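Quick setup: one chain, the form deposited without adenosine-5'-triphosphate (ATP), written in structure tokens, and binding and motion questions come after.
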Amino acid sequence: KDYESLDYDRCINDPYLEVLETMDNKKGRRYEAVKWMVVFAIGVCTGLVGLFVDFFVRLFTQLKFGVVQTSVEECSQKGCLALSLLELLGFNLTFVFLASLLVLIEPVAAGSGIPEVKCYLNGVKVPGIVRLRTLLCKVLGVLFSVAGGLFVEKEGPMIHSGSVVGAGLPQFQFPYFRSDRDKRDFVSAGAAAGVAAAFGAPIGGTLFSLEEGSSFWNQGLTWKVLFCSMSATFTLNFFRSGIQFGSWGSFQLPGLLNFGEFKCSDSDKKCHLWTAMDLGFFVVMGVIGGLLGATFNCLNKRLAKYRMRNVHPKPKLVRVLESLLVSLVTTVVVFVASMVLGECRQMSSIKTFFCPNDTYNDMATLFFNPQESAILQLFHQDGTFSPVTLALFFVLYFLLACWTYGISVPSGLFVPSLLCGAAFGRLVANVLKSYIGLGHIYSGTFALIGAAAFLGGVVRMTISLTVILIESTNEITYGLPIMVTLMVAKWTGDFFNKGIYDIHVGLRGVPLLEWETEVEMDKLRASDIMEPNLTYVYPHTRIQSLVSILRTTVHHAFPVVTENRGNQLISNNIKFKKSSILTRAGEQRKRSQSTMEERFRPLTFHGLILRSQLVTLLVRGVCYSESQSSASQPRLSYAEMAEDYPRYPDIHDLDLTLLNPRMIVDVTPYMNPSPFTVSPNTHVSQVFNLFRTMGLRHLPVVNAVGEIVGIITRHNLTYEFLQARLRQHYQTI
């Protein structure tokens, strides 16, 4: 497939120069005020979306459990036990069917949002990740999917929902924020707001949006996304603490996922959250979690390849039956595990099913209760669960989560991977309690460290994940035990496989730029990765040549150049070549006054022109006759160019009958005179640093004599291409 990258690099021409000349300091102040207002509105809307999801998820799950529990009781009295299972299966099948249909409406809504958000912040523009229909389909699918008990999450897709809101909202409201730079900034702000609403950590969201889109440090935009995040996480709170509780002005609880309070349960001699002796246990748990994450990634990748090979090339009826099958299998498994193998233990959140008086079923309590309740019980309750219960729950949940993720329904991954780790940590703590005394430390710390290790194994994130976990825990003293677990579980896992998101984005074939290049990559030069073949546009060019090159070629940008070695066309080109050059003596005076050879020809680089501007010029009557001088021109303004910005007409779409051939079109005013260039003798690391951090596109390579020698595109800087070229370079010598 082929994808269109974002045009993040700024383009400055005469219309923009006129707008800048008209611009004044008061206008700049008004612009900044409007930008602040838009940021605040984005935060508020993301908070409202989170509230809308959470309220209906809770309502549906509570109603479903209310219908079944009584039926469980009556059908257990006589011993039928069937109607309880039949009603549960009916509810699950209905919800999963609705979610599958909704995903069938919009294909990109499937799976977690993060794989399709790391690409937009990197500038790949997956074809359907901004459209409002995607937002509606995903937000409706998430509530239906989790209500069906598919072992999924809600905190995942909230990032994509916030990203869509941030991308869309400013467009609805000197055109305002038409350039792709502003769109990318607002997408970053929306992603940060979504992360804050999901996890309750504002600084974690700011740091997540800082990376995954790594550009030059923009002090003044980070200060805006932090405000957006703070507003987003304190609007969800203001309503979720006013609906659940009675007080309205109170801010009693952070966003969707909260771990609780980490303190010694009772005033006890020598009770601490953690001590220096536990560090070995933390390291061992980290490496175990890394191995488990590697196994999870391996099985998930194999399953994804199998589905991509067989299931996808099937009619629309298939890919809908698979979700129903997995929902049925998981419902049957959870019901059987609640009925049998669940140890009844002597005693509102706790559910007692199939169990005698004054006793509760731990398996049922873990499986039925919503994931937040299960997490809270695993962290802050001691002695409630037997080790066999924990082992069975961990194995079943791990296998079912590994099998489930990837199917059509809008799954999540943070919670179902945050739940197995807690169970493993609690099991480890229970084992350690028997052999040695554990009174000197808290019990829930092991569960927290296990959860952190499993996340580190599965997703393999850094910096952002550490901050998110620390600010969710609400205890800064957990800074060290968590981090030394994230940096170990990662290092253990990188031996076997990459992260889930990297695996699922490499399957799509999307080209992604890595963070840094190896030293062997630096050994290469820039002359080895450029593309010697070029498509060029002369200034004052023929309209027939323009339409021919636009129809024949697929490149999105053309270097406007002049030959180095119609009569009016040639005369105008020579006049421009003499007018454009500026010598140092001239500048000082101004200050004081106050075959293959034909194919590969020397050309002097003058600028870059985008395909969109050429199409816009062709659509309008932008041309002059050969007899007439180039002075006469429509001279379109900025607003006229931006009028067609959201949707750019295709060249084949245009009728093109009106256009008169043998007509000269001037592209000098509308081109980008000064793009970032680089000498062919430069090394790969500098080129990669520029092309990544500056976020630009189509980096031209020009030699010492001003001859343009090549163009570098993102396809030339992927890891596979660099590795292949390095292997070829070793093969040459």
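Residue numbers run from 1 along the displayed sequence.
The next section is about a form of this same protein that is not shown, the form deposited with adenosine-5'-triphosphate (ATP) bound.
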- Answer with one of 531, 520, 182, 563: the residue that has a non-hydrogen atom within 4.5 Å of adenosine-5'-triphosphate (ATP) in the deposited bound form. 531
- Note on the structure: Exactly one of 692, 698, 35, 64 comes within 4.5 Å of adenosine-5'-triphosphate (ATP) in the deposited bound form through a heavy atom, and that residue is 698
- Item | Non-hydrogen atom contact residue 558 with adenosine-5'-triphosphate (ATP) in the deposited bound form at 4.5 angstroms | yes
- Message: With a cut-off of 4.5 Å between heavy atoms, is residue 625 one of the residues that contacts adenosine-5'-triphosphate (ATP) in the deposited bound form?
- Response: no
- Is there a non-hydrogen atom of residue 709 within 4.5 angstroms of a non-hydrogen atom of adenosine-5'-triphosphate (ATP) in the deposited bound form? no
- Message: With the partner left out here, check for me: in the deposited bound form, does some heavy atom of residue 535 sit within 4.5 Å of adenosine-5'-triphosphate (ATP)?
- Response: yes
- Task: Just one of 127-135, 445-453, 548-556, 185-193 has residues with a heavy atom within 4.5 Å of adenosine-5'-triphosphate (ATP) in the deposited bound form, so point it out.
- Result: 548-556
- Residues of 699-730 having any heavy atom within 4.5 Å of adenosine-5'-triphosphate (ATP) in the deposited bound form, listed in sequence order: 711, 712, 713, 714, 715, 716
